[PDB]
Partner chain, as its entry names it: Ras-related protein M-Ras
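This document opens with one chain alone, in structure tokens, the form solved without its partner chain.
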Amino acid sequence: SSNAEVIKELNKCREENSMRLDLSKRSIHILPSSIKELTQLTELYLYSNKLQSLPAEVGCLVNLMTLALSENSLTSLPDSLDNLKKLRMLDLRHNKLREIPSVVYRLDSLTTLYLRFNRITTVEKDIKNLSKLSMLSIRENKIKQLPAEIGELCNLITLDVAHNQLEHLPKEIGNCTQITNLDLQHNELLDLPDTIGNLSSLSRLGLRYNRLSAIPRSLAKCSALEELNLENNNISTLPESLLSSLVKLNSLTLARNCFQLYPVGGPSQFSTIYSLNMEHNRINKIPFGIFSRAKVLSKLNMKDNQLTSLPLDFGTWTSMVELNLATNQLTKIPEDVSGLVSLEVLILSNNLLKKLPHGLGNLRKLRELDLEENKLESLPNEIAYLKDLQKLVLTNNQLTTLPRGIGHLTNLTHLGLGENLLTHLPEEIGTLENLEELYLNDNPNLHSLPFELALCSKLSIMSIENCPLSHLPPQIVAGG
């Protein structure tokens, strides 16, 4: 920590002729100029210190291949670092850099450059000198525009320009053909250049939280695209051939968009995708046979949509494991739910369900049933055969009674019965051996509770607030 301890480590490093010097986390404000003595240094780790700048003597370390300067207070770098002709990696993350130091632009040997979490406002056109760059990270800065000279970085594999203020992308981005991972998320991007299709090797593209009104049809050429996330944009429609041309798509998120209706396209749209997320949209209906070819589709999320009904082929989604139809206007859920035999998670919150179908009993794989904010007056007697059910949330409903035999749900750990009309609770509540949480709050006429609740060995959390109840099971440690 002290300057004497630093000089010891420098004399250390010299004694064994070590190739690596790790002066990290020593709170060094000013690095000794004696660092010039150690010419054999291949790696210099100076991260997590208080360095406002670097001695020009570091430029004498000509065999330096890695300079780790993350988590400092660096505002500038000495032009003497031009002599670091072998430097491959420059880590300048978490500093106070309001611009890239001019010397960096002359270090053409750089292959990986990390500038994450700074105040960098502009990227100069001299960025073209760093053609050997394989990874360029300028995430979390204040870059409003990227120079067209970005296209001369032909060897770029990864480009992180996320969390900036980019309003457009230079069309010359298409000249970086080798880009596999491109993150443009959390910008103010209004459009994408048609030249994005020249990036034939694009495997991961981050577009969430921008101002994109549409997607260019040229994105179909990026067939290697595994996941496409368009979250939080102004996109209302998709190119007709886009989804079918992206043969490698395993997940597709159009959440927080202006989508009035499902994307228009052929059957190969959802053929290959495993996850499908359309929450917070204005979709009015799910089409018949939209998931005919979608054999691998496991998860579907239609939260906060304008769905008032479900299709006649609802039961055919046998491959559906997780299903989220919350914040919709569904008046009923048909008896054809017996078809989704593989359905594990079912979310029907914030809807208008008055009853539940008897075909729900066929759902022997169901483990999570969220029915919060509905008009449920009763439950089915076949609900007791949902032996795999672990979480049952019935908050904000009109339930006066609990079906007989509910105690056979021995795997149930969470039972949310708050804001209901329950007058009584069955003595069969005690055979719920694994019940951990029981929320009975806001039940106006819940006057008595069964002593058999004491047989719930795992019962840890209970809520009887706003109930005519002053007594608790013995296993419950109250907070009053």
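Numbering follows the first chain given and starts at 1.
The protein also exists as the form solved in complex with its partner chain; that form is not presented, and the subsequent description refers to it.
Original post:
Which residue, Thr316, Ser76, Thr158, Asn198, has a heavy atom that falls within 4.5 Å of its partner chain in the bound PDB entry?
Top reply: None of the other options qualify; the answer is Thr158.
Original post:
Just one of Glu152, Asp183, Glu382, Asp336 has a heavy atom within 4.5 angstroms of its partner chain in the bound PDB entry, so which one?
Top reply: Partner contact (heavy atom, 4.5 Å) among the options: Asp183.
**OP:** Select, from the options 238 to 246, 189 to 197, 100 to 108, 203 to 211, the stretch whose residues sit within 4.5 angstroms of its partner chain in the bound PDB entry by heavy atom distance.
**Re:** In the other structure, the partner sits against 203 to 211.
Original post:
Would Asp22 count as a contact of its partner chain in the bound PDB entry, using a 4.5 angstroms cut-off between non-hydrogen atoms?
Top reply: Result yes; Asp22 sits at the interface with its partner chain in the bound PDB entry.
**OP:** Flag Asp91 as yes or no: does it have a non-hydrogen atom within 4.5 angstroms of any non-hydrogen atom of its partner chain in the bound PDB entry?
**Re:** Yes, contact at 4.5 Å.
Subject >> Residue contact check: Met135 to its partner chain in the bound PDB entry, 4.5 Å heavy atom >> reply: So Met135 counts as contacting its partner chain.
Original post:
Applying a 4.5 Å heavy atom distance criterion, does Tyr262 contact its partner chain in the bound PDB entry?
Top reply: Looking in the bound PDB entry, residue contacts with its partner chain do not include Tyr262, since no heavy atom lies within 4.5 Å.
Original post:
Where is the hinge, among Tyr209, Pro263, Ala224, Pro193, for the turn of one rigid part against another between the shown form and the other one?
Top reply: Every other option is far from a hinge; the hinge one is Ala224.
Subject >> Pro473 and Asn381, C-alpha gap in the bound PDB entry relative to this structure (3 Å or more) >> reply: Relative to the shown form, the pair is farther apart.
Original post:
Once you compare with this form, do the C-alpha atoms of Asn466 and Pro474 lie closer or farther in the bound PDB entry, given a change of 3 Å or more?
Top reply: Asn466 and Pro474 sit closer together in the bound PDB entry.
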